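Here the structure comes first, spelled out in C-alpha cells, and everything after it is commentary.
Residue numbers (the authors' numbering), protein chains in the order written: chain A, 9 to 526; chain B, 198 to 394; chain C, 493 to 538; chain D, 51 to 148; chain E, 315 to 392; chain F, 495 to 523; chain G, 100 to 445.
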C-alpha cells in the first residue's frame with residue numbers, strides 16, 4: 009500500500025544493489041581511460057555558460073563537474089574529492105580501483121555470500137595489505153643526493169600522465185626547485201601560478217624572483233634597485249576615518265574649508281610617517297588614493313596598491329617584510345628588502361619583476377602555452393604535482409609505483425587468502441584480484457597485452473622480485489629502482505584505506521529511498 | 198557529574214573533518230576551532246598559553262544607542278584624530294599589561310590594531326563562534342571580559358599547548374587547544390575518507 | 493551473532509542497560525496501546 | 051538494520067542530498083512518509099532515541115511484530131481494548147522480570 | 315482595552331468622570347461601587363462590578379445556556 | 495458530579511427545542 | 100443525548116405534530132427530570148466515611164476511566180487531587196501548567212510541587228554557572244538587561260572625546276548598576292520575560308548566581324505565584340520581600356531537553372505537570388484528558404454532590420418518567436415515554 013508521497017522511492021536490496029553498482033561501474037569505466045602513463049583526458053562542457061568547458065584528465069575535476077544522480081556514485085565523487093584534497097592524482101586510481109571492488113563484489117553477490125562476511129574478510133584482507141605496503145616503504149633522509157635524486161623521480165611519475173608529458177624533464181626541475189624553495193613549508197599558496205596565453209608550453213617557467221600582475225601608480229620609478237619594500241593594509245583611497253560615524257557640523261564654510269585641508273594634512277603626515285622608514289617601495293592590498301601617491305611620487309618613491317592578501321602573503325614570504333600598520337615604530341618593524349624591482353612585459357602585459365629577492369620562500373611559475381584549457385589543465389596538473397611533492401617533503405618515505413607494489417599487496421593477500429580457510433578466503437581472492445586489475449587497466453590503455461604481463465608480473469612477485477615493475481615506454485616488466493617509478497607511501501595508503509571504506513559503505517546499504525524533490 | 202549523575206552533551210564538542218583515515222579520529226582534551234590566526238604572520242605554535250577571552254572587538258567602542266559626534270574645529274578633528282590611535286594604544290598596553298600571551302575575540306578586528314597585536318608577539322583569534330569561545334573558557338578555566346579595563350591576569354585562560362593544525366593538504370587550516378589540566382570540556386576530532394562516513 | 497560457540501554473552505560481553513530496553517519495551521507498549529485504540533480516520537483529499 | 055550483522059540504509063534528500071546510516075530514528079527522520087500512523091513511528095523512534103539512543107536499531111521491530119501478531123487475535127475477533135489491557139500487564143510482567 | 319462605549323458604560327455605572335488627565339484623582343469625580351472583582355463563568359474570565367444603586371443604574375443581564383445562536387435569539391427577544 | 499448530566503440533558507433539551515423549531519432553510523452564495 | 104432525543108421523535112415528526120407540542124413536553128420532561136436528579140443526588144459531607152479528597156479521587160478514576168491513560172487512573176488520580184488541592188482558591192486552570200515533555204514512559208511523568216521550565220536559551224556563559232542552589236533566593240525581572248538594546252530612542256551630542264569616552268562607559272555602568280542591585284540583593288536566581296545581556300550571565304557566573312531571560316511570563320506568573328515573590332521592573336526599588344525563596348532549585352536534562360527545576364515551597368498554590376510521553380499525539384490527548392480531569396474535580400471541589408455512573412442514573416430517570424407518563428394523559432404521554440425511550444441509550 010502507498011506509504012510515502014508521490015515521487016518518493018523505496019528500492020530493496022536487489023534493485024537497490026544493482027543500480028548502485030551500475031552507476032559505480034559507469035563511474036569507473038567512464039574514467040579508466042584517463043589514468044595510466046598512456047592514459048587519456050576528458051573534455052567537460054557546460055550545459056549553458058557560453059560553453060564554459062574543460063578538457064580534463066584528473067577524474068576529481070571530471071568527477072567534480074559531472075552531475076550524477078546515483079547517490080552511491082555521489083559518495084564516490086565526494087570520496088575522491090577528499091582524496092583529491094589529499095594527493096590530487098590517484099583520484100584517477102582510487103575511484104577506478106574502488107569500482108573493481110564493486111564490480112567484483114557484485115560477482116560474489118551472484119555467488120550469494122552474506123556481505124557482512126565480505127566486509128570482514130576484506131577488512132582483514134586490507135589489514136594485511138596496508139601492513140604489507142608498510143613493509144615495502146623506503147626512506148631517504150639526509151641523503152640529499154638520493155633524496156633530491158628520487159624527489160625528481162617522484163615528479164615525473166606523477167607528471168607522466170598529463171599533457172605536459174612531452175616535457176617532463178623541464179617541469180620536473182620547476183616543481184623541484186619551487187618545492188625546495190618552500191624550505192619545508194607546505195603552503196602551496198607560497199607559490200603563485202601565473203597563467204597567460206602565448207608562448208609554447210616549453211616556454212613556461214619559474215622566475216628566479218617574484219612577479220606581480222598589478223599596475224604601477226603615477227610616474228613613480230618603473231625600475232628600482234636594492235629596493236626597500238613596505239607592505240600595509242591601511243587604506244588610502246578609502247580615507248582613514250572613525251568607524252562610528254561622527255558628524256561634522258559647522259556654521260561656516262571656512263570651518264569645512266580648513267577641515268578638507270585638515271584632512272589633507274592628516275593624510276600628508278601619514279605618508280611622511282610612512283616615508284620616515286626610508287623606503288622606496290611600498291605596497292598595499294588597499295586601493296590607494298592618487299593624492300598620497302603624488303606625495304609618493306613627490307618622494308620619487310614607487311608604490312603599488314590593491315594587491316590581494318594572497319600575493320601579500322607571497323610578498324612577505326619572498327621578501328621577509330612585515331605587513332604593518334600606522335608604522336609608529338620603524339625600528340620595531342622589519343621592512344622588506346630586495347636587490348631589484350623592474351617592469352617586464354610578457355605576452356601582452358608588463359609584469360612587476362622582483363629581482364634579487366631576500367627570501368626564496370615564495371615563488372611563482374610562468375605559464376606560457378597554447379590553450380586556456382591547456383593552461384588550465386597544466387595548472388591543474390602542477391598544483392597536484394606540487395601537492396604530492398610537499399607531502400613527500402612532509403613524509404620523506406617512498407614506494408615504487410607502476411602497479412608492482414599493488415601487486416605485492418595482492419600477492420600478500422593471496423598468501424593470507426590461504427591462511428583464511430573459509431568463505432572469507434573467496435573474498436580474499438576477490439579483493440586481491442581486483443587490485444591486480446588496476447595495472448591491467450594501465451597496460452590496457454598502453455595497448456599492450458595485459459593478460460600475460462600481469463600473470464608474469466604476478467610470477468616474479470610471487471617469486472619475490474618486489475622491485476620488478478611495468479614498462480610504460482616499452483610495455484614489459486622492469487626494475488623501477490632503475491627506472492625511478494616511485495610515489496608516496498601516504499598516497500597509496502590513503503588510496504587503499506579510503507577505497508576500503510568506500511567498499512564498506514557501498515555494500516552495507518540494502519535500501520535506497522529518495523524523497524520527492526522540491 | 199557523578200554528584201549529579203548527569204552530563205550535558207553541550208560540554209561535548211563533536212567535530213569531524215574529512216580526510217585521513219578513520220583511526221586518526223581522536224578525542225581532544227581541549228578545543229579545536231574552525232579558525233586560524235587573525236594575522237598570517239603570527240607564529241604557528243605556542244608553548245605557554247596565557248589566554249584571553251573578550252567579546253569586545255578591537256575597535257573604537259560604539260554605545261549602540263543612536264549616537265554620533267559633532268566635529269566642528271580643526272582641533273576637534275585633531276584631538277579626535279589623536280584619540281583614535283591613542284585609543285588603540287590603550288588596549289594594546291592593557292592586554293600587554295595583563296601579562297597574557299594569547300587572546301581570542303568573538304568578532305572581527307581592526308587591521309591596524311591587528312598588526313599592533315602581532316607587534317608584541319600576542320597571537321589571537323577573532324570572529325570566534327560563541328559556544329566555542331565558551332568551550333575554551335571552561336577548557337582553560339578562563340572567563341569572558343567585555344572590557345580590557347576590567348580584564349586582569351586572574352581571569353586569564355591557561356592551557357598546556359595550543360597549535361593551529363594544517364590538517365588539509367591544500368585546504369585552509371584549523372586551530373586546536375591542548376589544555377593539559379582538568380577540563381570539564383573535551384572535544385572529539387573525527388577524520389575519515391567520506392563526508393557521509 | 494559473530495558465530496562464536498559461546499552463548500554466554502556475558503563472556504561475550506554483549507551487554508545492555510536495563511534502562512534502554514525497559515524504556516524501549518514500555519515505550520513501544522504505550523504506542524501500540526494507542527495504535528489499537530484508534531478505529532476511524534477521515535482523510536481529506538489532497 | 052538491527053544487530054551487528056544488520057545492514058543499513060541510504061537516504062536521498064529532496065534537494066538531491068544523500069545520507070547512509072543505521073540509526074533507525076535518523077532512518078525515519080530522513081523518510082518522507084505520507085501515512086499518518088507511519089509518522090507516529092517516526093516520532094516514536096525519535097522520542098525513543100533522544101530519550102535513549104540506539105536500540106532504535108530495533109525499537110519499531112518490537113512495535114510492528116507485536117502489531118503484526120496483534121492482528122491475529124483481531125482475526126480471532128478479540129476486542130482491542132481487552133487486547134490492550136493484557137499487553138500492558140504483559141509488559142509490566144516483562145519489566146519486573148527484566 | 316475597553317472601547318469608548320465600554321468606559322462610557324462604566325463611567326456611568328460608577329457615576330465617576332473618566333479622566334483624560336492621568337494625575338488628578340478627584341474625590342468628587344471618583345468611582346464608587348458596591349463590589350468589583352473577577353469571576354470565572356463558562357471558562358471565561360469575567361470582570362464583575364457587583365452593584366447596589368439606589369440612584370438608579372445601567373444594569374447588565376447574564377445569559378447562560380448552550381447555544382450562542384439561542385442567546386442571540388434570546389437576547390433579541392429580550 | 496450531578497451537574498455533568500444535569501447540564502447535559504438541559505443543553506440537549508434546548509438543542510432539539512432549538513432543532514425542531516425550524517421549518518425551512520435559506521442559503522446565500 | 101440529542102440525536103437520540105431527535106431520533107425517537109422523528110417518527111412522531113412524520114406525524115404532522117406541531118413542534119411546539121413536542122418541545123412543550125421537552126421543557127416539561129427536562130425540568131421534571133432535572134429536579135429528580137437533584138433529589139436523588141448524593142452528598143458525603145453530611146456522612147462520615149469521606150476524606151475530602153477520596154470522593155474527588157473516586158470521581159476522577161471514574162472520569163479518567165475512559166480516555167487513553169485508563170490503565171493508570173489509580174496513578175494520576177492522586178496526582179491531580181493533591182495537585183488540585185493546591186489550586187485554592189483562585190481555582191483556575193491557568194495557574195497550573197502542563198509540560199508536554201516528549202519521550203519517557205508516561206508512568207514516569209511528573210508532578211512537581213513547584214514549576215519547571217521546558218524552556219531556556221543559549222547565551223555565552225549560560226552553561227558555565229552553577230546549576231544547583233540548595234536554598235536560593237529568586238529574582239523575577241520583567242525588565243530586560245542589555246546596553247540600551249530597545250530602550251527610549253534618543254540621539255546624543257558630544258564634542259569632547261573624553262565625554263564621548265565617558266558616555267559609552269556610562270552606558271555600561273547602567274547595566275552594572277542594575278547588576279550591582281541584582282547582586283547586592285543577595286539572591287541567586289533571576290528570571291526575565293525579556294532578553295538578558297550575555298555578559299551579565301558571566302557576571303552572574305563570575306559571582307555564581309543563576310539567571311534566565313526570555314522566559315514565558317505565564318510560567319513566570321506561575322513562578323511568582325509559586326514562590327510568592329513579586330515580578331519586578333524596577334531593579335532599584337527591589338527588596339527581599341518581593342524576592343522569591345524556594346526549598347531548592349535545580350535544572351535537569353529530560354528527554355535531552357534542558358529544564359529548570361525548583362519546588363518544595365510549602366505555601367505554593369500552583370504546581371505544574373511534567374508529562375512524559377513518547378508520542379506527540381499522546382501529549383495533547385493526555386493534556387485534554389488531563390484538562391478534563393482538572394476542571395471536573397474543580398467543580399467537584401466547588402460542589403459536594405455526586406452520583407453513580409454506569410448508566411444507572413438515566414435508567415432510574417427513564418423509569419421515573421415512565422411511571423410519570425402514566426399520570427399525564429394524551430399526546431404528552433407518548434412524548435414522555437419516547438423521552439424515556441430515547442433516554443436509556445447511553
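Ideal Cβ positions, reconstructed from N, Cα and C, are used throughout, including at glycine.
- request: For residue 112(D), return the contacting residues in chain C, with the cut-off set at a CB-CB distance below 8 Å.
  value: If you number the fourth chain from 1, residue 112(D) lands on position 62. Neighbours of residue 112(D) on chain C, chain order: 516, 517 and 520.
field: residue 129(A), DSSP secondary structure in three states
entry: Position 121 of the first chain, counted from the first residue, corresponds to residue 129(A). Three-state result, residue 129(A): helix.
query: In terms of alpha-carbon separation, which member of 64(D), 65(D) and 92(D) lies closest to residue 77(D)?
result: Taking the fourth chain and counting its residues from 1, the one referred to as residue 77(D) is at position 27. Ranking the options by Cα distance to residue 77(D), first place goes to 92(D).
query: Does the region 79 to 93 of chain A come close enough to the region 52 to 70 of chain A that 3 or more CB-CB pairs lie under 8 Å?
result: yes
query: Leaving out the 5 sequence neighbours to the left and right, which residues in its chain are closer than 6 Å to residue 382(B) when beta-carbon positions are compared?
result: Looking up residue 382(B) in the second chain gives position 185. Taking C-beta separations shorter than 6 Å and ignoring five residues to either side along the sequence, the partners of residue 382(B) in its chain run 208, 332, 335 and 336, following chain order.
task: Examine chain E for any beta-carbon lying closer than 8 Å to the beta-carbon of residue 130(G), and answer yes or no.
output: Counting from 1 along the seventh chain, the entry for residue 130(G) is found at position 31. Chain E contact via Cβ: absent.
Anticipated Cβ contact below 8 Å, residue 256(B) with residue 251(A), distance rounded: Taking the first residue of the second chain as 1, we reach residue 256(B) at position 59. Taking the first residue of the first chain as 1, we reach residue 251(A) at position 243. Correct: roughly 6 Å between the Cβ atoms.
query: So, residue 169(A) versus residue 47(A), is the Cβ gap smaller than 8 Å?
result: Against the first chain, residue 169(A) aligns to sequence position 161. Against the first chain, residue 47(A) aligns to sequence position 39. Yes; because the gap between Cβ atoms is below 8 Å, this pair is in contact.
message: Below 7 Å, is the gap between the Cβ of residue 370(G) and the nearest heavy atom of the ligand ZN?
response: With respect to the ligand ZN, the structure shown offers nothing to examine, as it has no ligands at all.
- prompt: What residue range is occupied by the uninterrupted beta strand (DSSP E) comprising residue 238(B)?
  reply: Here the question's residue 238(B) lines up with position 41 in the second chain. In the DSSP annotation of this structure, residue 238(B) is not part of any beta strand (DSSP E), being labelled neither H nor E.
- prompt: When the distance is taken between beta carbons, is residue 410(A) closer than 8 Å to residue 325(A)?
  reply: Your numbering for residue 325(A) matches position 317 in the first chain. Your numbering for residue 410(A) matches position 402 in the first chain. In this structure, residue 410(A) does not lie closer than 8 Å to residue 325(A) by Cβ.
- prompt: According to the neighbour-count rule (16 or more other Cβ atoms, all chains shown, within 10 Å of its Cβ), is residue 153(A) buried or exposed?
  reply: Counted from its first residue, the first chain places residue 153(A) at position 145. Residue 153(A) should be labelled exposed.
- request: Verify the CB distance criterion: does residue 343(G) have a CB-CB separation below 8 Å to chain C?
  value: Within the seventh chain, residue 343(G) is the residue found at index 244, counting from 1. Interface with chain C (8 Å Cβ-Cβ cutoff): residue 343(G) is excluded.
task: Would you mind reading off the limits of the beta strand (DSSP E) that contains residue 209(G)?
output: Along the seventh chain, read from residue 1 onward, the residue named residue 209(G) stands at position 110. Its beta strand (DSSP E) spans residues 209 to 211.
task: With 8 Å as the limit, tell me which residues of the region 314 to 338 of chain G have their beta carbon closer than that to any beta carbon of chain D; keep them in chain order.
output: none
- request: Have a look at residue 270(A) and residue 223(A) and give me their C-alpha separation to the nearest angstrom.
  value: In the first chain, residue 270(A) corresponds to position 262, counting from 1. In the first chain, residue 223(A) corresponds to position 215, counting from 1. A straight-line Cα-Cα distance of about 30 Å links residue 270(A) and residue 223(A).
query: Name the chain D residues that come within less than 9 Å of residue 378(G), Cβ to Cβ?
result: The residue given as residue 378(G) occupies position 279 in the seventh chain. Going along chain D in sequence order, the residues near residue 378(G) (Cβ under 9 Å) are 90, 93, 94 and 97.
- prompt: Is it buried or exposed for residue 84(A), if we count other Cβ within 10 angstroms and need 16 for buried?
  reply: For the purposes of this step, residue 84(A) is identified with residue 76 of the first chain, where counting begins at 1. Per the 10 Å Cβ criterion, buried.
- request: Could you pull the start and end residues of the beta strand (DSSP E) that residue 147(D) belongs to?
  value: Counting from one through the fourth chain, the residue named residue 147(D) turns up at place 97. It is not in any beta strand (DSSP E) - residue 147(D) instead sits in the alpha helix (DSSP H) that spans 130 to 147.
query: Under the three-state reduction of DSSP, which class applies to residue 330(G): helix, strand or coil?
result: Position 231 of the seventh chain, counted from the start, is the residue given in the question as residue 330(G). Residue 330(G): coil per DSSP, three-state reduction.
- request: Report the residue from 236(B), 210(B), 258(B) and 243(B) whose alpha carbon sits nearest the alpha carbon of residue 260(G).
  value: If you number the seventh chain from 1, residue 260(G) lands on position 161. Comparing alpha carbon positions, the residue from 236(B), 210(B), 258(B) and 243(B) closest to residue 260(G) is 258(B).
- prompt: In chain G, which residues lie with their C-beta within 7 Å of the C-beta of residue 504(F)?
  reply: As a first step, residue 504(F) must be located in the sixth chain, where it is residue number 10. Ordered by position in chain G, the residues that pass the 7 Å Cβ test against residue 504(F) are 129 and 133.
- request: Please check if any C-beta of chain D sits within less than 8 Å of the C-beta of residue 525(C).
  value: Mapped onto the third chain, residue 525(C) falls at position 33. Yes, contact with chain D.
message: Does residue 107(G) pass the burial test, meaning 16 or more other C-beta atoms within 10 Å, or should it be called exposed?
response: Within the seventh chain, the letter at position 8 stands for residue 107(G). Buried, since its Cβ has 16 or more Cβ neighbours within 10 Å.
- prompt: Of all the options 316(G), 273(G) and 317(G), which has the alpha carbon lying nearest to the alpha carbon of residue 296(G)?
  reply: Against the seventh chain, residue 296(G) aligns to sequence position 197. Checked all of 316(G), 273(G) and 317(G); the closest Cα to residue 296(G) is 273(G).
- request: Classify residue 376(G) as helix, strand or coil using the three-state DSSP reduction.
  value: Indexing the seventh chain from 1 puts residue 376(G) at position 277. In the structure shown, residue 376(G) sits in a strand (DSSP, three-state: E or B).
- prompt: Span of the beta strand (DSSP E) holding residue 311(A)?
  reply: Mapped onto the first chain, residue 311(A) falls at position 303. Run containing residue 311(A): 310 to 312, per the beta strand (DSSP E) assignment.
query: Around the C-beta of residue 430(A), are 16 or more other C-beta atoms found within 10 angstroms, so that it is buried, or is it exposed?
result: By one-based count along the first chain, residue 430(A) stands at place 422. With fewer than 16 other Cβ atoms within 10 Å, it is exposed.
message: Considering only DSSP beta bridges, list what residue 213(A) is partnered with.
response: Here residue 213(A) refers to the residue found at position 205 when the first chain is read from its first residue. Paired residue(s): 374(A).
- request: Flag this pair as yes or no: are the beta carbons of residue 383(A) and residue 203(A) separated by less than 8 Å?
  value: On the first chain, residue 383(A) is found 375 positions in, with the first residue counted as 1. On the first chain, residue 203(A) is found 195 positions in, with the first residue counted as 1. Result yes, Cβ atoms of residue 383(A) and residue 203(A) sit closer than 8 Å.
- prompt: Is there a Cβ from chain F that is less than 8 Å from the Cβ of residue 100(G)?
  reply: Taking the seventh chain and counting its residues from 1, one reaches residue 100(G) at position 1. Residue 100(G) counts as touching chain F.
- prompt: Which bits of chain E does residue 191(G) rub up against, with CB to CB less than 7 Å?
  reply: One-based indexing of the seventh chain puts residue 191(G) at position 92. Within 7 Å Cβ-Cβ: 354.
field: Contact set for residue 365(G): own chain, Cβ-Cβ below 8 Å, skip 5 residues either direction
entry: As a first step, residue 365(G) is located in the seventh chain; it is residue number 266 there, counting from the start. Sequence-distant Cβ neighbours of residue 365(G) in its own chain, meaning closer than 8 Å and more than five residues away, are 346.
Alpha helix (DSSP H) runs contained entirely in the region 376 to 452 of chain A, provided each spans 4 or more residues: Taken in chain order, the whole alpha helix (DSSP H) runs of length 4 or more contained in the region 376 to 452 of chain A are 380 to 402 and 412 to 427.
- prompt: For the beta strand (DSSP E) that contains residue 180(A), what are its first and last residues?
  reply: Position 172 of the first chain, counting from 1, holds the residue named residue 180(A). That residue, residue 180(A), is in no beta strand (DSSP E); its alpha helix (DSSP H) goes 176 to 189.
message: What does the alpha-carbon distance come out to for the pair residue 166(G) and residue 135(D)?
response: Mapped onto the seventh chain, residue 166(G) falls at position 67. Mapped onto the fourth chain, residue 135(D) falls at position 85. Roughly 13 Å separates the two Cα atoms.
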